[PDB]
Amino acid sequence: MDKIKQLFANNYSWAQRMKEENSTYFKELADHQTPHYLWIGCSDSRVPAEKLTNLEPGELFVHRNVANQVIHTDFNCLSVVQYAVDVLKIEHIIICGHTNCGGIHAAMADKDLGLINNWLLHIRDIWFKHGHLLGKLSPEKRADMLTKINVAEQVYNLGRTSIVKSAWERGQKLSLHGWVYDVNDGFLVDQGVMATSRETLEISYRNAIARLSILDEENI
């Protein structure tokens, strides 16, 4: 196809540019053989993680799925987590959502989109979980609220995995973070849940949800 030919062109261009440039990108990268952060984000990948964190190359270990979820029984995501924690020994796992999310929108949409709806049924359970609250908001607000709540709930799911617990239990150093950035700002905004142990996981989660429930006058 045309787009592919061009894509390959853009790559060859950049690739050779470096080569002759005697750049050190491929040298720096090779010196950071091991990441120090696990990044769990959405497949929409609006603003890249490398852009948002300005970290050095090779510093991130990433996983992306629709609506950045951590489902209790998802072998795929759980495997990325376990490998990150038990093998790479990385000490920080970040879950990052984002406003105006297709996953979130699809979840709320009353339409059958095929296989994906099943995956999104987890989001809808989260929706009905905070129904009363979300119902107190204004229509144009519900979307971004769910996005924020979602991230809270995923961090909570992540902290309840046998993987994270056993890590904490053996005294291994590991912290869980859950932020959300706006596609227009690019500023990472902590959502409240940040665990370094199961106790801190429980506390921050309870608070994070309590705070989210305090609605500004903006919402009906």
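In this text, residue numbers run from 1 along the sequence as written.
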- [ ] Pick between 27 to 35 and 58 to 66: the one whose mean CA B-factor in the entry is higher.
- [x] 27 to 35
- [ ] Select between 46 to 54 and 150 to 158 the stretch whose C-alpha atoms have the higher average B-factor in the entry.
- [x] 46 to 54
Task: Top residue by Cα temperature factor, when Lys89, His105, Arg124, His132 are compared in the entry - done: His132
TODO: Taking the values exactly as deposited, rank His98 by C-alpha B-factor within its chain and report the matching third: lowest, middle or highest.
DONE: middle
Open item on the list: Lowest, middle or highest third: which one holds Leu78 when the chain's residues are ordered by CA B-factor from the entry?
Closed with: lowest
Task: Relative C-alpha B-factor of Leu176, binned into the chain's lowest, middle or highest third - done: middle
- [ ] Select lowest, middle or highest to describe the third in which the CA B-factor of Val183 falls within its chain in this entry.
- [x] highest
Open item on the list: Can you tell me whether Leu113 has a C-alpha B-factor in the lowest, middle or highest third compared with the other modelled residues of the same chain?
Closed with: middle
